[PDB]
Amino acid sequence: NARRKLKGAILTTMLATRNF
Amino acid sequence: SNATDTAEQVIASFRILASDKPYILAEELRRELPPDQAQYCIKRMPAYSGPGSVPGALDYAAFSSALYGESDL
């Protein structure tokens, strides 16, 4: 669970915080 | 594969944050990511040892493929 939660948050940061 | 496609999009994001270098640096992660996530990347990205490597170069491509891509090969 811990890795699943952490990687979901990183995915949001990398793909859904800038207009890349 | 679908996993590879997602990993490549993450790789492309790190590449932009790295100013199109083939590696990223800890200072760039701290600059751009939330502190907990920056620290995770600083701790867990494998060192980049390819052309142009420098001390502290971090392999965002290998990290992203392991975390999101077709990693069981």
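Basis for what follows: all heavy atoms, side chains included, without hydrogens, waters or symmetry-related copies. The sequence lines fix the lettering, A, B, ..., with proteins before strands; numbering per chain opens at 1.
For B/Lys21, the side chain to side chain donor-acceptor pair (under 3.5 Å) partners are B/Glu28, not counting sequence neighbours. Taking the ring pair (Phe, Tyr, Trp, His ring centres under 6.0 Å) definition, one finds that B/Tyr23 meets it with B/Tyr48, sequence neighbours left out. Residues meeting the side chain to side chain donor-acceptor pair (under 3.5 Å) test with A/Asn1, sequence neighbours left out: A/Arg4.
Scanning all heavy atoms of the two residues, the minimum distance from B/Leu33 to B/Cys41 falls at CD2-SG, 3.8 Å. Residues B/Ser65 and B/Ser71 share a closest heavy-atom pair of O-CB, 3.8 Å. Nearest heavy atom pair, residue B/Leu58 against residue B/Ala26, reads CD1-N, 4.1 Å. The two residues B/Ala57 and B/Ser53 make their nearest non-hydrogen contact at CB-OG, 3.9 Å. Looking at every heavy atom in both residues, B/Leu25 comes nearest to B/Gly56 through CD2-O, 3.7 Å.
Sorted pairs that involve residues 58-72 of chain B and meet salt bridge (charged side-chain N to carboxylate O under 4.0 Å, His left out), not counting sequence neighbours, are lacking altogether. Applying the side chain to side chain donor-acceptor pair (under 3.5 Å) definition to pairs two or more places apart or across chains, those involving residues 8-18 of chain A are A/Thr13-B/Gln37, A/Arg18-B/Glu32.
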Name each donor-acceptor pair under 3.5 Å that joins a side chain in residues 7-15 of chain B to protein atoms two or more places apart or in another chain, with its distance.
unit_1	atom_1	unit_2	atom_2	d
B/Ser13	OG	A/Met14	O	2.7

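With contacts defined as side-chain heavy-atom distances shorter than 4.5 Å, the pair B/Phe63/B/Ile24 does not qualify.
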Exercise. Given B/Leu29 and B/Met45, is the side-chain contact (heavy atoms from CB on, under 4.5 Å) satisfied, shown in steps?
Worked result: CA-CA 11 Å; B/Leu29 295 160; B/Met45 286 187 170; 4.1 Å; yes
For this session: Applying side-chain contact (heavy atoms from CB on, under 4.5 Å), run through A/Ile10 and B/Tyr68 and close with a yes or a no.
Result: CA-CA 10 Å; A/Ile10 291 171; B/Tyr68 303 108; 3.4 Å; yes
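Between A/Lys7 atom NZ and B/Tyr40 atom OH the span is 9.0 Å, to the nearest 0.5 Å. B/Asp36 contributes atom CG, which lies 7.0 Å from atom CG of A/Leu6 (distance to the nearest 0.5 angstrom).
The environment of CG in B/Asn2 is sparse: at most 12 heavy-atom neighbours from other residues, nucleotides or ligands sit within 6.0 Å.
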